[PDB]
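Engineer: quick check, what structure comes out for this input:
(2 chains, ligands or ions: 2)
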Amino acid sequence: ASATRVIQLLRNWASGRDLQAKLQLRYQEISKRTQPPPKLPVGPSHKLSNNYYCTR
Amino acid sequence: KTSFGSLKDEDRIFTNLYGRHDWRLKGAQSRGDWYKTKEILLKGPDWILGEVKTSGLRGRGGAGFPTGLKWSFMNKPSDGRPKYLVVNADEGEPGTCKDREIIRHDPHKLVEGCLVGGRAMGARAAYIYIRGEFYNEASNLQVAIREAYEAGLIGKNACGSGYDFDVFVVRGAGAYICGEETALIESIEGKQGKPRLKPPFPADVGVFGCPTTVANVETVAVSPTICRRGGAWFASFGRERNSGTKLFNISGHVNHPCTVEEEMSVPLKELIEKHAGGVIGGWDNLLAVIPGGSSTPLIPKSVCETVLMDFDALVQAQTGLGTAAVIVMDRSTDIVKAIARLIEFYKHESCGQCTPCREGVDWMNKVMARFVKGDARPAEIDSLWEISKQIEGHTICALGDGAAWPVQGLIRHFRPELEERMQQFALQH
Ligand SMILES: Cc1cc2nc3c(=O)[nH]c(=O)nc-3n(C[C@H](O)[C@H](O)[C@H](O)COP(=O)(O)O)c2cc1C
Ligand code: SF4
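Structural biologist: Numbering: from 1, shown residues only, chains lettered A, B, ... in the order given. Ligands and ions are numbered 1, 2, ... in the order given. Please see the structure below:
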């Protein structure tokens, strides 16, 4: 977070924990909204043989 | 007898098979045909059927069903409908070119067979459905029939025996499906050549809705010789349940492609080498052989090395005698392409009536073309096997089964070639 070192120290002391380590606000660890095109897999019955529905 | 295939010229039913003599009545009678036919007819229908059973004659059209029993099916008291007999002369099975030889070179033998069979089954008349392409053979057959009519061999008081029998010839119009017995019946009746669904069996309801029996040209033509020479004579040749002499239309990659009458249960390699001069390039150059026309599955060279050309032995070899049209394929043959061509033949000769045949055969043809190009995946081979199994046994006629069998044989014996071709195609792209 964009806070002065003094403010950070006061905040951590008042909380009693190092808040800068785990800040609730999300900055850059977020995943990119634009992602590579996925290729989802097929199921166990996506076969051209021994796939008779009577057996499943 | 343990070693078969030593048939002598004194034991060959078709003596003018090569057309080197007079096909007309004079030559036929000089060769022993049309001999004491009156006594044969007066002997009794039961006697004739018993002689056929003693000979152990089985269906020479490909089914292999015992001919004596099949003909005995129609030896019943008349139901009021005029009984008829049909002689299957379509010969549409690829590789099968025997019936043509019989009709064109010994037509009077076939006519005498028709008379004897009709007497044995109490048939009013016989309709020989010949293939339309066999126009000259049909002309020869008609000339023979005219000669028989004028000589009194057939017609009213046939051979002076009192039996009133007629022989009709109906030309086809280019349909392999017409080879099927019920499809043949429908074609004669004037409808599209689409096979019926048994029951009713043809013996009960057949041509013109009358008791009818369909028999192969060879099957009918051997009946008078079987009667005259005795059933024991016919039985002596061939193993038990595989007795007689079968015409072998050796064709393909052989040095001397020809049709030869040889004893049943003859070793395949012997038959190929004895008459056709062996496989082109030698025995080792052979790839595979289709023993019976095209419907029967192929047998690889390993099995071809030691196998008897009879019904039972070939059944053990995952194939059948069928029409005994040996199609020899050398190792310069793309087996995939050949089987695909056969599948295409079936596709272009399917009636289209039954859904499995109509759609599955075309689907298999597409997949086979893709296999020939290698444009596929290895699992598609198992998929094709499943498709063939689905078609087989689920169709009105046996055309679907006889089209599934080649694919099954190709997979079962040369799957490595298919997989390797697919690999090669993948590497190219
Ligand atoms: C697709 C198909 C084609 C056939 N083609 C012929 C043929 O060309 N000639 C023939 O004699 N039988 C052929 N048959 C067999 C006939 O249906 C019938 O069983 C046979 O003509 C009777 O022979 P058989 O009485 O000597 O046993 C064919 C069968 C099928 C299913
Ligand atoms: S397996 Fe067929 S669609 Fe057929 S009665 Fe047929 S030529 Fe057929």
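Engineer: residue ranges for the strands of the stretch 51-200 of chain B, please.
Structural biologist: Along the stretch 51-200 of chain B, counting by DSSP state E, counting those that start in this stretch, strands occupy B:84-89, B:125-130, B:166-171.
Engineer: what's the closest of the ones you listed to ligand 2?
Structural biologist: Of all these, strand B:84-89 sits nearest to ligand 2, with 15.6 Å by C-beta to the nearest ligand atom. Just so you know, the C-beta spots here come from the backbone N, C-alpha and C atoms, and that holds for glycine as well.
Engineer: the closest one - contacts with which helices or strands?
Structural biologist: If you count contacts as 3 or more C-beta pairs under 8 Å, 6 or more residues apart in numbering or on different chains; DSSP states H and E, strand B:84-89 packs onto helix B:107-121, strand B:125-130, helix B:181-189, strand B:212-216, helix B:217-229.
Engineer: is residue B:249 in a helix, a strand, or coil?
Structural biologist: Here residue B:249 is strand, with the state taken from DSSP: H, G, I helix; E, B strand; the rest coil.
Engineer: and it, how far is that from residue B:200?
Structural biologist: 33 Å (C-beta to C-beta, to the nearest Å).
Engineer: give the residue from those two that has the larger number of neighbours.
Structural biologist: residue B:249 (24 against 12; other C-beta atoms under 10 Å in any protein chain shown).
Engineer: contact partners for that one?
Structural biologist: Contacts here follow C-beta atoms under 8 Å, 6 or more residues apart in numbering or on different chains; on that basis residue B:249 touches B:95, B:96, B:97, B:98, B:259, B:323, B:324, B:325, B:326.
Engineer: is it true that the fourth one touches residue B:259?
Structural biologist: Yes - contact between residue B:98 and residue B:259 holds when scored by C-beta atoms under 8 Å: they sit 5.6 Å apart.
Engineer: looking at the two, which one has more neighbours?
Structural biologist: Each of residue B:98 and residue B:259 has its neighbours counted (other C-beta under 10 Å); residue B:98 has more, 25 against 21.
Engineer: OK, contacts around the more buried one?
Structural biologist: Per C-beta under 8 Å, 6+ apart, neighbours of residue B:98: B:91, B:217, B:218, B:247, B:249, B:259, B:323, B:324, B:325.
Engineer: looking at those, spot the one nearest ligand 1.
Structural biologist: residue B:91 (4.7 Å).
Engineer: returning to what we had before: tell me which of the helices and strands packed on strand B:84-89 is the most buried.
Structural biologist: Of all the helices and strands packed on strand B:84-89, helix B:107-121 carries the top mean neighbour count, a mean of 29, counting by mean count of other C-beta atoms under 10 Å in any protein chain shown.
Engineer: so how far is chain B from the closest residue to ligand 2 within chain A?
Structural biologist: Closest residue of chain A to ligand 2, C-beta to the nearest ligand atom: residue A:52 (21.9 Å). Residue A:52 sits 9 Å away from chain B, going by C-beta to the nearest C-beta, to the nearest Å.
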